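Notes follow the structure.
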Amino acid sequence: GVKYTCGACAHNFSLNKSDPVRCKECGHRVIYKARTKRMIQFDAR
Amino acid sequence: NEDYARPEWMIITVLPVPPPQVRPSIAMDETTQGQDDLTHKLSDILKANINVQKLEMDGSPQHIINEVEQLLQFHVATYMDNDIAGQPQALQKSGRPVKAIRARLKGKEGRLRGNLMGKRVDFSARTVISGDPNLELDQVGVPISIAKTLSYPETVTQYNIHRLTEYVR
Amino acid sequence: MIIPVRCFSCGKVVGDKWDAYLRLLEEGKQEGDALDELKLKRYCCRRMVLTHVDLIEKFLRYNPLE
Amino acid sequence: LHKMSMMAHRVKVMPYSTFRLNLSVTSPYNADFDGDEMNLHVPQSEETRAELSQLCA
Amino acid sequence: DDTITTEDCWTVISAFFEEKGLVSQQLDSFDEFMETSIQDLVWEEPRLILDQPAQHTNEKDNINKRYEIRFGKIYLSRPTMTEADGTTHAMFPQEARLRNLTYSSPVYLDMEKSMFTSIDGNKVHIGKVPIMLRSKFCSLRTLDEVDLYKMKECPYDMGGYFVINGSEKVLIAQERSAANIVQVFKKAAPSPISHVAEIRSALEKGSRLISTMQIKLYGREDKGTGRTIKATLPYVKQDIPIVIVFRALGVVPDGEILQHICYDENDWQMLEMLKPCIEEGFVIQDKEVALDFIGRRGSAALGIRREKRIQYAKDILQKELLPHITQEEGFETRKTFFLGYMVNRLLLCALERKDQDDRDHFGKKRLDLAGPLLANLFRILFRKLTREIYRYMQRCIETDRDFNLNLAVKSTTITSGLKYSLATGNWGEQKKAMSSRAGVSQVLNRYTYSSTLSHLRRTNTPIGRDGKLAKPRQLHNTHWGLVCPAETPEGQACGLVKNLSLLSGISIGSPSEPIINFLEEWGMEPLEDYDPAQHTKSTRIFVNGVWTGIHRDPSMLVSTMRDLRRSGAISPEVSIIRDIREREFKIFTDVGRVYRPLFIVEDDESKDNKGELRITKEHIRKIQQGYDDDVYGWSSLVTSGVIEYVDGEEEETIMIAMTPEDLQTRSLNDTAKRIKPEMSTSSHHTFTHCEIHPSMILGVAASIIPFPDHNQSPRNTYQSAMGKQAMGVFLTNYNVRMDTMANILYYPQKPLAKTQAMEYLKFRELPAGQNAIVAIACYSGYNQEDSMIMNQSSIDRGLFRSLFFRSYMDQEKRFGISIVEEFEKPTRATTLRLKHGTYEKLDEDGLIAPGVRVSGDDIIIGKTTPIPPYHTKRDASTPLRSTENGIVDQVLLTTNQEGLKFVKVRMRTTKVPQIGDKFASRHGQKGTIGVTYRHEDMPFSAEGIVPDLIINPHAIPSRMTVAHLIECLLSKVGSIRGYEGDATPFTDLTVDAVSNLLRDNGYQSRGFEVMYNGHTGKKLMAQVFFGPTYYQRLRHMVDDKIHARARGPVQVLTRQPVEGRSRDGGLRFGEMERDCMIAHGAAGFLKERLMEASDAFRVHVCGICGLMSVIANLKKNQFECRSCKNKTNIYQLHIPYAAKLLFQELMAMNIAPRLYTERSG
Amino acid sequence: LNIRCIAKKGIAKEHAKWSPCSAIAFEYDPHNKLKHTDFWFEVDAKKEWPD
Amino acid sequence: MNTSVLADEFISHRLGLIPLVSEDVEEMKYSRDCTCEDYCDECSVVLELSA
RNA sequence: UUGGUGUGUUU
Ligand SMILES: [Mg+2]
Ligand SMILES: [Zn+2]
Ligand SMILES: [Zn+2]
Ligand SMILES: [Zn+2]
Ligand SMILES: [Zn+2]
């Protein structure tokens, strides 16, 4: 469900806790999560 | 002295076993227990013990006796001391020496200088300091969090109920 | 990195005067004289632009992260 | 290093988390302010409180 | 031409530091390793031989089945990550660092297995040698900075260091004693042995220790009547007389030993000390009886008869003594004439025709970098490979199988060895853990950029710490331009740790054989035509430790060879070095000599260049074109004859002036400038060398400092050992890198007191601090002793506000073939021992989504293992630290080396520089932020300028750091005239020019402006000195060292509270605290401390046998001293649990402490 | 880059991002006729401190 | 939404340094005594930006 | 909530 951002081709792909974790375009195996649905806050000082 | 130090007691027939608080098992990675080296050494002693009692119950070529007995003496020697001159040390399963009882007592970080004469304790605190001349001579500044962490037991008496109830509040 | 907004010492807003400062530098000015033209007369708003060294170009040298 | 190197004091509570001193006590502890650490043991009884307050003050 | 000015030397430095960059010393010698060393370590001992020859219960089948493997060529490539999938692809250092990898290449090797039939198994991956960054044999030497941003490598990175199990490790240049030099030390007095002539042998190829022949003069000062000497040999057990080992090496009569040794039949004093040595060695008269004699002490075996006893003695005198000279025979003249030089020398020093030699005369040492270290450890595990193949061969020849060799290399051997031995650096086979030079390789530090720039250069010294001796810790005066007279840490390291200077280069290791050809190329005469009575005045010539011949005139030869290094017939880093005093002349080619460059002064009265510098301005214009007028870099300078290299041995034989205005003898009494000496001793000098620049004597963390030449030198050392703790910009790719420490300083300014040297550490393009406003004036007692004042509004504007990064880690373990781990969100039911934080911030997949505010004490990585055979899972979460806050950045998720999952998380927050945070001058005037004032409450000068940092007047006058004032003044001027003033030291920049310019731009001459109270404006009676200055931020804060503790974690072993900050331990109320408690005497406080806030523990004693054997059941409330049948004489005590531990330990050693509770007498 | 800010009303006491103004000169008695200030001086007080 | 080369509180800091017009400001009240729980259009100037 | 080694830094 999570947009696991690809490390190479920027593809937003979710994985079902079962997929071997790579780029679908070049085999690049590095993903990262993307930012939340929440809104971040800061006090700007 | 007879009732205290009778010099047939300086030869050990029966070498005691301490309880396992003195060699308690350590969680290697939270499922397996690496043992303390006293447990490894008392196991080695009991193995050489049984390999002693194996020889006098069968055919014994007379220096097989001598070597297993001298090995028993060796294991009892390294139980109390792994620093004996002239001979190589008793060695572990990493390439390290064994923690004896003598190594638990001598040295800067033994039990006395490292744990009894001086030790670590609690209700301490520690920081970095700063000057502040707007003060008396017998006053020291306290950061608030350190005041929160440490405490002091004041007795509930008949002259301090109200404030202490407030300090609950 | 990239230009701050105010001065550190006084508090005159300077951040706008970065691009103008580079454009004045392009013609062959000298840096003190360029600060002279921008009306920077206390040295507070002279060290807040004179010292400043630029890294965020190097961060945009990373051909796209995503 | 000498018998003043532990001395009793009184408590003043301040924000901004560092230890405050007088600067006349800088000489006996031999502390400067390039980052020294000074400890703070606490009594846990009445008895030791009076011990400190009458001798090690 | 004209005057070579200062900036012409900065042209020279731009050419040098555009050729090499910085870290030549790693890269070029590691290239030497990968190009030649493994090829020759393999082809050292290329063949093994088995044989199972005859009487195999045979039919007399006498068959030399000789099993012969010959090792061949190595195969080299890029690193390769074979997946758990099995696919192989090009690994890259980003993909390395993200994935805990080992940037390691295939090292292949073919095997020539042959069989003797004299009757009477392909490219195996043999190991993974890890590849350094930025090497020739890394894939990032080449390839296009554009694509390097496409490949995540910063151009202002430089590499030099290795990658192991992910993280970055480095090689300290370890510092060994020099080999094969003929030393003399004198021995301490409570002993019968006074003078010593010592050596340490090591083979020419290979650079490996074999022998250590020692000489001990028997005789204290008028003690030890027979003043004769014995030798000590390798593989003996006892000292052996000198003339006997001479007759053992094959020179028997007295006349030829005195002909070999003695050079003066008139030196009757030394000849007089000679005579008893022969008169003592009379009883062993010819060769083989001395061979038999040394057979009796030195491991020739008992009952092994004369011919094989003497065989063995001929082996310790064939191999195993003087091995580095040669290991073939026939040159007993070479061996004995070496030893005759030794006897010559030790008798020179025992009559004190000389000083003793000294330990630290820095030409008499060498250095070991990655090249020689990989040579040694590769040699070791390569021998281990040898015997592994040998072991498998003697099993698959008994059963006689055609072995394919590919199941005969379990290549976890050398990969596992090198991986551990750079992992912790406990240098050796792990089963040689102790007795090993510990701490070779180190965590590389990435706290700021210059810190790494020094730390990649650092050398360390193995005296150990046994011996408090201040002779090896002296700044001994060979150090001119080779190490750093400023930088060395505070404390235990001091005097040892030597940072290679900003003109250091590491000499590689070179074929000595053509140098030999250069020697015999001019009629050097051989050693066998040598008679010192025929030639007493010939010059005896060394090549790295072998005397090879004699010659009459060294001067024409050193002209020719020195000009051939000025041309390039030699390696231009080989130190051809002349002496004239000894009638000797050495050529080192050795590995690890610390050399340095100098401007070649035309030292020769042949033309008008004499006295002048040979460097012309035409060369300067050539360097400013980038090419020669039909590539021209620093290499062509080296091979032009303008700059020659010297190491510490040629530093003996030179003559330097410091700056090129001192070469011509100059033209007064001005009270601004500095006073060079006259040098009027030699009316007609022959200067041979002049310094390029004096601020090139510094280390890397030393050239940063503005004007080091106006301070008290402990503050120079302090500033150099604080410059490494700056907060700044460490490498420009902190977006993609995941490291456990990283900190970005926000607003980094190049200092207005820049140097000219900070161009070459890039610090003006990556700085690590700011210019804030200095105002040295006691204001309200808050800067009394080194604290300071900081204006809070300036922080609110962003002053030094600090980014904070941290990378965590976790991975999956495998507890069975069908039993693995799983990072999931654990329940409150199925899982054991939930952490006492919450779990809410976790996601469906166990790793928290970014953007989410995080506190301490709550999870990020919940590693749940089901317990191998409800309530069957283990909660083994990896939490965020108990001190931190933050908002999360870039949550990596991938697959490990193992094939399972892998995680790394890079949390971040930002720390406000607040009260207590340490700061630092650039002259050590350090301290903490004492107090914060808002904006109006500052003092403020006539225009409105307020300050931000107020160091103390009383911080100055004893610390004597007048350079700090000079920096503040030069800062204010270069701010107002608007440019960065050259504060590189040792110029004619006085104070007078700065004074006149500040006045003539409309100000006071000596800095002051009339500043005010902020609370009245009633003018401050004295005028206040006031300006900008460059500041930095040291790595400590107060939020990392505050700690207090009520109770909590106690150890199982001793029940005394635990040690360390990380587990919230307790403090050590140590010995001398108890001492001062005794001095005050209030011991009731001491009974609080060592009973009640610690391991308070309660035991029992039977009152008859006095022991603690009494078994304690309490809810049944019964007791039994079972050695006594005592059931009534029972007391309890209150003792420390460690005291009880003492008692149980002692009774387990059979001593009986018995505690009777009454005085007896 | 999609950002949403609020703007609220603070003074310089909370923080100096609410600084109204920049830099304030201030002087009185430029010829020291009260001798409230005292010059430090090498040689002579009148020459070296510019007007 | 942010995806920049700059971190977040960084940009909030730099936005805090930005000069606004406040000529009319005394008929705008202080934040900590304005009659709303968290922000409304009585006491805010909501900037939403997405370049 | 591990041990045990080892390295660097603070006074
Ligand atoms: Mg100090
Ligand atoms: Zn992709
Ligand atoms: Zn300004
Ligand atoms: Zn009893
Ligand atoms: Zn409202």
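For the structure tokens, the naming scheme is as follows: chains receive sequential letters (A, B, ...) according to their order of presentation, residues are indexed from 1 within each chain, and ligands are indexed from 1 in presentation order.
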
* To do: Tell me which protein, DNA and RNA residues are within 8 Å of stretch 25-36 of chain A, counting only C-alpha atoms (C1' of nucleotides), leaving out same-chain ones fewer than 6 positions away, and put them as a list in words.
  => residues 2, 3, 4, 5, 6, 7, 8 and 9 of chain A; 849, 850, 851, 852, 890, 891, 892, 893, 894 and 895 of chain E

* Determine which residues of chain A sit within 10 Å of chain F, taking into account only C-alpha atoms, and present them as a list in words. =>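 Going by the stated atoms only, the list reads residues 39, 41, 42, 43, 44 and 45 of chain A.
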
* Among the residues of chain F, find those DSSP assigns to helix (DSSP H, G or I) from the backbone and print them as a PyMOL selection string. => chain F and resi 16-18+45-48

With N, CA and C atoms retained, export the selected residues as a compact mmCIF listing (two decimals), in the first residue's frame.
# COMPACT_ATOMS: atom_id res chain seq x y z
N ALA F 16 13.75 37.13 17.78
CA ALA F 16 14.04 38.31 16.98
C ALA F 16 13.62 38.17 15.53
N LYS F 17 12.81 37.18 15.19
CA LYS F 17 12.22 37.25 13.87
C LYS F 17 11.17 38.33 13.81
N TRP F 18 10.65 38.75 14.95
CA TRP F 18 9.82 39.93 15.01
C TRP F 18 10.61 41.18 15.31
N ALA F 45 45.65 63.20 23.19
CA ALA F 45 44.25 62.81 23.10
C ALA F 45 43.57 63.45 21.90
N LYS F 46 44.02 64.62 21.49
CA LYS F 46 43.24 65.35 20.51
C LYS F 46 43.46 64.81 19.11
N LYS F 47 44.65 64.30 18.83
CA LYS F 47 45.00 64.04 17.44
C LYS F 47 44.33 62.80 16.89
N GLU F 48 44.20 61.74 17.68
CA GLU F 48 44.03 60.43 17.08
C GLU F 48 42.59 59.95 17.00

* Do you know which residues are at most 12 Å from residue G:8 counting only C-alpha atoms (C1' of nucleotides), after dropping those on the same chain fewer than 3 positions away, and could you put them as a list in words? -> residues 40, 41, 42, 43, 44 and 45 of chain A; 803, 851, 886, 887, 888, 889, 908, 909 and 910 of chain E; 1, 2 and 3 of chain F; 1, 2, 3, 4, 5, 11, 12, 13, 14 and 15 of chain G

Deliver the residues from the most recent selection as a file, using C-alpha atoms, as an mmCIF file, in the first residue's frame.
data_model
loop_
_atom_site.group_PDB
_atom_site.id
_atom_site.type_symbol
_atom_site.label_atom_id
_atom_site.label_comp_id
_atom_site.auth_asym_id
_atom_site.auth_seq_id
_atom_site.Cartn_x
_atom_site.Cartn_y
_atom_site.Cartn_z
ATOM 1 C CA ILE A 40 4.124 18.109 9.273
ATOM 2 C CA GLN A 41 4.415 21.165 11.546
ATOM 3 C CA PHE A 42 7.155 23.646 12.396
ATOM 4 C CA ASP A 43 7.502 26.797 14.452
ATOM 5 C CA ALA A 44 9.876 28.609 12.134
ATOM 6 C CA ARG A 45 12.337 30.034 14.643
ATOM 7 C CA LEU E 803 21.629 20.382 11.667
ATOM 8 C CA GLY E 851 7.189 13.180 7.950
ATOM 9 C CA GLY E 886 13.014 14.730 15.761
ATOM 10 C CA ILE E 887 11.176 14.492 12.452
ATOM 11 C CA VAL E 888 12.222 11.776 10.104
ATOM 12 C CA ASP E 889 13.946 12.074 6.747
ATOM 13 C CA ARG E 908 17.156 14.234 12.021
ATOM 14 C CA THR E 909 16.551 17.273 14.179
ATOM 15 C CA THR E 910 18.116 20.667 14.707
ATOM 16 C CA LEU F 1 7.366 22.403 -2.626
ATOM 17 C CA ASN F 2 3.870 23.014 -1.283
ATOM 18 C CA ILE F 3 3.896 25.015 1.935
ATOM 19 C CA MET G 1 4.513 18.775 0.462
ATOM 20 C CA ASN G 2 8.286 19.234 0.317
ATOM 21 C CA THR G 3 10.876 17.459 -1.823
ATOM 22 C CA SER G 4 13.632 19.993 -1.958
ATOM 23 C CA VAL G 5 17.369 20.195 -1.699
ATOM 24 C CA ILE G 11 12.966 26.811 5.293
ATOM 25 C CA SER G 12 10.622 27.593 8.150
ATOM 26 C CA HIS G 13 13.506 29.458 9.807
ATOM 27 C CA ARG G 14 14.256 31.443 6.670
ATOM 28 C CA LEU G 15 10.572 32.237 6.255
#

* Residues within 6 Å of ligand 1, counting only C-alpha atoms (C1' of nucleotides) and all ligand atoms: report them as a PyMOL selection string. => (chain D and resi 32+34) or (chain H and resi 11)

* **For residue B:147: contacts at 10 Å, only C-alpha atoms (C1' of nucleotides), fewer than 4 positions along chain excluded, given as a list in words** =>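 Counting only the stated atoms, we get residues 125, 142, 143 and 151 of chain B; 11, 13 and 14 of chain D; 1044 of chain E.
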
Keeping only N, CA and C atoms, write the selected residues as a compact mmCIF listing (two decimals), in the first residue's frame.
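selection39.txt, freshly written:
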# COMPACT_ATOMS: atom_id res chain seq x y z
N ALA B 125 24.77 13.05 39.73
CA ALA B 125 24.43 13.88 38.60
C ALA B 125 25.72 14.47 38.12
N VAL B 142 21.09 24.87 39.63
CA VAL B 142 20.55 23.56 39.34
C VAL B 142 19.68 23.67 38.10
N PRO B 143 20.02 23.00 37.01
CA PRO B 143 19.10 22.88 35.89
C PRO B 143 17.85 22.13 36.29
N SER B 151 16.01 13.21 43.61
CA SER B 151 15.04 13.54 44.63
C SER B 151 15.70 13.46 45.99
N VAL D 11 20.86 24.92 47.32
CA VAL D 11 20.26 24.68 46.02
C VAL D 11 19.62 25.94 45.48
N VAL D 13 17.61 27.02 41.83
CA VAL D 13 17.02 26.36 40.67
C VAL D 13 16.92 27.34 39.52
N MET D 14 17.53 26.98 38.40
CA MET D 14 17.64 27.86 37.25
C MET D 14 17.29 27.06 36.02
N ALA E 1044 21.46 12.50 35.24
CA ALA E 1044 21.30 12.25 36.66
C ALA E 1044 20.58 10.93 36.81

* Could you give me, as a PyMOL selection string, the residues within 12 Å of residue H:4, counting only C-alpha atoms (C1' of nucleotides) and dropping anything in the same chain fewer than 4 positions from it? => chain B and resi 26+28+34-37+94+96-99

* Structure fact -> atom CA of residue B:53 sits from atom CA of residue B:91 at a separation of 25.0 Å

* Please identify every polymer residue within 6 Å of ligand 4, using only C-alpha atoms (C1' of nucleotides) and all ligand atoms, and present the set as a list in words. =>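 The residues near ligand 4 are residues 1102, 1104, 1105, 1121, 1123, 1124 and 1126 of chain E.
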
Surrounding residues as a compact mmCIF listing (two decimals) with C-alpha atoms, in the first residue's frame, ligand 5, max 9 Å, only C-alpha atoms (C1' of nucleotides) and all ligand atoms:
# COMPACT_ATOMS: atom_id res chain seq x y z
CA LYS G 29 -4.48 41.30 18.18
CA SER G 31 -1.90 35.41 18.95
CA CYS G 34 -7.05 35.93 20.20
CA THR G 35 -10.41 34.27 20.73
CA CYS G 36 -9.82 31.21 18.55
CA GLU G 37 -8.54 27.77 19.15
CA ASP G 38 -6.05 27.01 16.44
CA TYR G 39 -5.84 29.47 13.61
CA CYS G 40 -8.80 31.20 11.97
CA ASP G 41 -9.19 34.36 9.84
CA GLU G 42 -9.54 36.73 12.80
CA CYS G 43 -5.79 36.67 13.63
CA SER G 44 -3.91 34.97 10.82
